[PDB]
Amino acid sequence: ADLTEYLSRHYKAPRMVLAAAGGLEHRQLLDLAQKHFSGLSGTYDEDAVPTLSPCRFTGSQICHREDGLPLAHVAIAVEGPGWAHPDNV
Amino acid sequence: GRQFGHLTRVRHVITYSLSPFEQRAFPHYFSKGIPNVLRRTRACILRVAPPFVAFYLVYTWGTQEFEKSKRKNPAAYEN
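Residues numbered from 1 in each chain as written, not as in the entry; some residues may be left out. Chains lettered and ligands numbered in written order. Part of a larger assembly, values for the part shown. Heavy atoms only, no water. Residues with missing side-chain atoms left out of burial classes, pairs and counts.

Going by the header, the method for this PDB entry is X-ray crystallography, and the resolution given is 2.60 Å.

K.L.:
Hey, could you run me through the overall build of chain A in this one?
P.N.:
Scanning chain A from terminus to terminus reveals two helices and one strand. Listed N to C, the secondary structure of chain A is α-α-β in terms of helices and strands. Whereas a compact globule of 89 residues would reach a radius of gyration of roughly 12 Å, chain A reaches 22 Å, over 25% beyond that. Referenced to the eigenvectors of the C-alpha coordinate spread, the extents of chain A come out at roughly 60 × 40 × 35 Å. Counting every position in chain A, which comprises 89 residues, the buried fraction comes to 6%. Here chain A has roughly 8800 Å² of accessible surface; of this, 58% comes from carbon and sulfur atoms. (Helix = DSSP H or I, 4+ residues; strand = E, 2+ residues; numbered from the N terminus. Rg over C-alpha atoms; globule rule 2.2 N^0.38 Å. Buried < 20%, exposed > 50% of the residue type's maximum accessible area, 1.4 Å probe, protein only. Areas by Shrake-Rupley, 256 points an atom, 1.4 Å probe, with all protein chains shown as cover.)

K.L.:
Just to check I follow, could you spell out the UniProt feature "transmembrane region" in chain B for this structure?
P.N.:
Within this numbering scheme, the UniProt entry marks residues 39-67 of chain B as carrying the feature "transmembrane region". Between the C-alpha atoms that bound residues 39-67 of chain B the distance is 42 Å, and the span itself is 100% helix and 0% strand. (UniProt positions renumbered as here; feature names shortened; annotations may be inferred.)

K.L.:
In this structure, what is going on with helix α1 (residues 33-70) of chain B? I would like to understand it.
P.N.:
The α-helix winds at 3.6 residues per turn, so residues separated by three or four positions along the chain end up facing the same way. Counted at 1.5 Å a residue, the expected span for α1(B) with its 38 residues is 56 Å, and the 51 Å between its end C-alpha atoms agrees. If you look at α1(B), its biggest bend is around 60 degrees, right at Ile45(B). (Expected span 1.5 Å × (residues − 1). Bend = angle between axes of the 7 residues up to and from the residue.)

K.L.:
What am I meant to see in the pattern of salt bridges here?
P.N.:
Pairs may arise between side chains of opposite charge once their charged atoms sit close together. For the coordinates displayed, the defined rule picks out six salt bridges over all chains. Notably, a salt bridge pairs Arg11(B) with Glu66(A), separated by 2.6 Å at the nearest N-O pair. Of this pair, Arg11(B) sits in the segment before β1 (14-18) while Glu66(A) sits in the segment after β1 (60-64), each in a different chain. The network of salt bridges with common partners includes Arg9(A), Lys12(A) and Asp45(A). (Salt bridge = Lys/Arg side-chain N within 4 Å of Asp/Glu carboxyl O.)

K.L.:
What exactly am I supposed to notice about the interface of chain B and chain A here?
P.N.:
A common measure of how large an interface is: the accessible area buried when the components associate. Residue-level contacts link 13 residues of chain B with 12 residues of chain A. Inspection of the region where chain B meets chain A yields one salt bridge. The interface formed by chain B and chain A includes nine residue pairs in polar contact. The residue inventory of the side of chain B that touches chain A, partitioned by class, reads five nonpolar, five polar and three charged. One ladder, built from five bridges, connects β1(A) with β1(B); its direction is antiparallel. Across the sheet, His64(A) pairs through a bridge with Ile14(B), a residue of β1(B). (Contact = heavy atoms within 4.5 Å. Polar contact = N/O pair within 3.5 Å; in protein donor to acceptor, adjacent residues only side chain to side chain. Nonpolar A, V, L, I, M, F, W, Y, C, P; charged D, E, K, R; others polar. Pairing = 2+ DSSP bridges.)

K.L.:
Sorry if this is basic, but what is going on with unusual backbone geometry here?
P.N.:
What is expected of a backbone is that most residues other than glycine have negative phi and most peptide bonds are trans. All names here are of chain B. Of note, the amide linkage connecting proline 74 to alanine 75 takes the cis form, showing an omega dihedral of 5 degrees. Note that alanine 75 resides in the segment after α1. Phi at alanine 75 is positive, roughly 75 degrees, even though this residue is not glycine. What makes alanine 75 exposed here is its relative accessible area of 62%.

K.L.:
Could you clarify how one ought to interpret the environment of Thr15(B) in this entry?
P.N.:
The topology assignment puts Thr15(B) in strand β1. On the basis of relative accessibility, which here comes to 41%, the residue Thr15(B) falls in the partly exposed class. Taking the C-alpha atoms as reference points, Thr15(B) and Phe55(B), 40 residues apart in sequence, are found 47 Å from one another. The residues contacting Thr15(B), other than those within four sequence positions of it, are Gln61(A), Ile62(A) and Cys63(A).

K.L.:
So what exactly am I meant to see when it comes to a nonpolar patch on the surface here?
P.N.:
Side chains of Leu3(A), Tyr6(A), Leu7(A), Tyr11(A), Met16(A), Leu18(A), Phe37(A) and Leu40(A) sit close together on the surface and give an oily, nonpolar patch of about 820 Å² of accessible area. If you trace the backbone, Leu3(A) turns up in helix α1 (residues 2-10). (Patch = residues over 30% accessible without salt bridge, like charges linked within 9 Å, V, L, I, M, F, W, Y side chains within 5 Å.)

Quick look at the structure:
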């Protein structure tokens with residue numbers, strides 16, 4: 001029940017993208033998509049609003065000391081802008 | 001001299017911490033502060049205070065008797 005409800009909650013057309021690359025022709029892809037995918041959002045949901053709330057960043061630090069490991073891993077980061085910001089380049 | 005990295009051996013402990021620019025320097029200064037100093041004072045009155053009142057008692061009685069030894073001296077010298 002936990003699963004199926006996450007499925008129906010999230011596997012909805014406006015959030016799926018059929019992608020392909022190679023020896024195909026776009027029309028053939030469209031045909032297929034319309035043949036095997038038609039009827040996924042024949043029901044646009046009432047008030048299920050899958051919207052991502054922004055996520056707070058925290059200047060913080062987690063140290064898992066373990067002198068039994070031979071080498072240490074460290075990862076330091078700063079808050080980035082996100083997918084769409086032109087600053088990425 | 002002894003440097004970090006050559007101090008000692010530590011097994012399995014995680015330590016979470018936070019940036020100073022992200023927290024308060026005086027969380028609950030008074031709210032949690034006072035209660036605690038009461039607690040630490042209480043926890044130690046009995047070993048610190050006693051010797052001091054003892055000195056205190058001996059100091060006031062000591063000067064007392066010093067004046068009452070001479071000033072009070074006469075007293076009586078009757079003939």
